[PDB]
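Chains as they are written, first to last, in our numbering: chain B, 32 to 130; chain X, 32 to 130. Beta carbons are placed, not taken as given, at the ideal position from N, Cα and C, and that holds for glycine. What follows is one structure encoded as structure tokens, with my remarks underneath.
There are 2 protein chains.
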Amino acid sequence: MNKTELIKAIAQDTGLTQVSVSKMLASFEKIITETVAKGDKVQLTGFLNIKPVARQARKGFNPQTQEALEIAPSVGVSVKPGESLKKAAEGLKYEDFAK
Amino acid sequence: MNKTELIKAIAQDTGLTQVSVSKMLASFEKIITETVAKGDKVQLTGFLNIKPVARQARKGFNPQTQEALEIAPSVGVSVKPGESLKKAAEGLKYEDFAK
Numbered sequence: 032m033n034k035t036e037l038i039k040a041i042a043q044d045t046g047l048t049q050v051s052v053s054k055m056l057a058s059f060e061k062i063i064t065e066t067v068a069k070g071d072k073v074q075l076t077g078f079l080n081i082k083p084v085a086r087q088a089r090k091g092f093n094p095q096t097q098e099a100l101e102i103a104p105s106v107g108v109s110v111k112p113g114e115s116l117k118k119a120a121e122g123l124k125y126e127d128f129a130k
Numbered sequence: 032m033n034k035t036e037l038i039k040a041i042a043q044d045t046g047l048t049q050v051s052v053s054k055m056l057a058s059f060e061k062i063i064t065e066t067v068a069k070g071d072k073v074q075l076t077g078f079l080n081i082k083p084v085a086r087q088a089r090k091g092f093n094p095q096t097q098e099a100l101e102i103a104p105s106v107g108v109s110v111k112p113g114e115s116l117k118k119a120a121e122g123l124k125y126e127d128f129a130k
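So, in structure tokens, the structure goes:
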């Protein structure tokens with residue numbers, strides 16, 4: 032699925048009026064990517080812990096070629112996929128992917 | 032934010048009909064986690080890409096005192112690094128966190 036397929040995901044799980052399925056998802060990244068950049072820890076049930084956390088602010092290796100460094104972390108992306116989808120996955124196409 | 036905060040995040044980015052803000056987001060996580068679990072490549076425009084991959088895990092008993100068994104049930108709900116959210120993070124104050 033994606034910013035469009037997901038519109039159908041709500042346009043079908045919901046469908047009510049197709050509100051902005053295309054616009055709410057277009058804004059979803061605008062709020063997902065923008066919230067972390069707005070300063071808010073979005074949290075999807077228990078799988079997408081959207082929340083920014085700094086972890087880098089330098090990377091110029093010494094006067095050599097590959098001795099890169101990094102002293103100071105600036106905003107980052109703490110969030111990640113949780114087990115809510117893996118538990119849902121162990122329940123629908125987990126073995127389907129195995130074979 | 033969360034299954035309700037992000038709701039208004041789209042209910043406001045939408046404001047068309049507030050479709051089911053409650054049913055589209057509660058189901059969006061139910062479909063986000065359920066799609067990857069259904070076995071579809073869930074993703075977000077160009078910053079997130081949740082994808083499940085048949086995998087497994089084992090060596091922590093359970094039916095007794097837990098700490099010794101040997102199974103392997105664990106799909107791999109991978110994901111992506113939406114830089115649009117990290118680059119947006121540069122917008123919130125990435126360096127401000129580095130200092």
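| Mind pulling the chain B residues with CB within less than 9 Å of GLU101 (chain X)? | Chain B residues near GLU101 (chain X): none, gap ~17 Å exceeds 9 Å.
| message | For the segment 51-71 of chain B against the segment 35-44 of chain X, do three or more pairs of beta-carbon atoms, one drawn from each stretch, fall closer than 8 Å, so that the two count as touching? | response | Because the criterion of three Cβ pairs below 8 Å is met, the segment 51-71 of chain B and the segment 35-44 of chain X touch.
| message | Within the continuous alpha helix (DSSP H) that includes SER109 (chain B), where are the two ends? | response | First-last for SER109 (chain B): undefined, no H or E at that position.
| query | Taking C-alpha atoms, which residue in X:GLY46, X:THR64 and X:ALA68 lies nearest to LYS124 (chain B)? | reply | Distance check between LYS124 (chain B) and each of X:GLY46, X:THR64 and X:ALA68 places X:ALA68 closest, using alpha-carbon atoms only.
| field | Whole-angstrom distance between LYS111 (chain B) and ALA99 (chain B), CA atom to CA atom | value | Taking the straight line joining both Cα atoms gives about 26 Å.
| message | Between X:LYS34, X:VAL106 and X:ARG89, which has its C-alpha nearest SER51 (chain X)'s C-alpha? | response | Residue nearest to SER51 (chain X) within the set X:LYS34, X:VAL106 and X:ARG89 is X:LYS34 (criterion: CA-CA distance).
| message | Taking CB distances under 9 Å as the criterion, tell me whether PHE92 (chain X) reaches chain B. | response | Cβ-Cβ to chain B under 9 Å: no for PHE92 (chain X).
| request: Would you mind sorting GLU65 (chain B) into buried or exposed? The rule is 16 or more other CB atoms within 10 Å of its CB. | output: Classification of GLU65 (chain B): buried, given that the 10 Å Cβ count is 16 or more.
| said: Output needed for residue 16 (chain X): all residues of its chain with C-beta closer than 8 Å, excluding positions within five of it in sequence on either side, in chain order. | reply: Past the edges of chain X, shown from 32 to 130, lies residue 16 (chain X), and the structure says nothing about it.
| query | Which whole-angstrom value is the C-beta distance of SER115 (chain B) and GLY91 (chain B), which I expect to be below 8 Å? | reply | At roughly 40 Å, the Cβ-Cβ gap does not stay under 8 Å, so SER115 (chain B) and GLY91 (chain B) are not in contact.
| task | Identify the continuous alpha helix (DSSP H) that holds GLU121 (chain B) and give its terminal residues. | result | 114-122 is the extent of the alpha helix (DSSP H) around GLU121 (chain B).
| query | For the candidate residues X:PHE59, X:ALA129 and X:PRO104, whose alpha-carbon lies nearest to that of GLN74 (chain X)? | reply | Per the Cα distances, X:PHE59.
| Any Cβ of chain B within less than 9 Å of the Cβ of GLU98 (chain X)? | Closer than 9 Å to the CB of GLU98 (chain X) there is not a single CB belonging to chain B.
| Between the CA atoms of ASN93 (chain B) and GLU101 (chain B) - distance to the nearest angstrom | Our two residues, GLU101 (chain B) and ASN93 (chain B), have alpha carbons roughly 11 Å apart in a direct line.
| With distances taken between CB atoms, is the gap from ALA88 (chain X) to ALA85 (chain B) smaller than 9 Å? | Judged by beta-carbon spacing, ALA85 (chain B) lies beyond the 9 Å limit of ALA88 (chain X), meaning their Cβ atoms are not closer than that value.
| request: Using a Cβ cut-off of 9 Å, pull out every chain B residue sitting near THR45 (chain X), in sequence order please. | output: At a beta-carbon threshold of 9 Å, the residues of chain B lying near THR45 (chain X) are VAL50, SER51, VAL52, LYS54, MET55 and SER58, ordered along the chain.
| In chain X, which residues lie less than 9 Å from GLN74 (chain B) when you measure between Cβ atoms? | Around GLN74 (chain B), the beta-carbon contacts reaching into chain X at under 9 Å are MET32, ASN33, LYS34, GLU36 and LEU37.
| said: Against chain X, with Cβ distances strictly below 9 Å, would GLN95 (chain B) count as a contact? | reply: No, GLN95 (chain B) does not count as interfacial toward chain X.
| Quick one: which chain X residues come within Cβ less than 9 Å of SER109 (chain B)? | Using a Cβ-Cβ cut-off of 9 Å, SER109 (chain B) is close to nothing in chain X; its nearest Cβ partner there is about 11 Å away.
| query | Just checking my contact of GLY107 (chain B) with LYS117 (chain X) at CB under 8 Å: how many whole Å lie between their CB atoms? | reply | About 7 Å separates the beta carbons of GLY107 (chain B) and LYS117 (chain X), which is inside the 8 Å limit, making them a contact pair.
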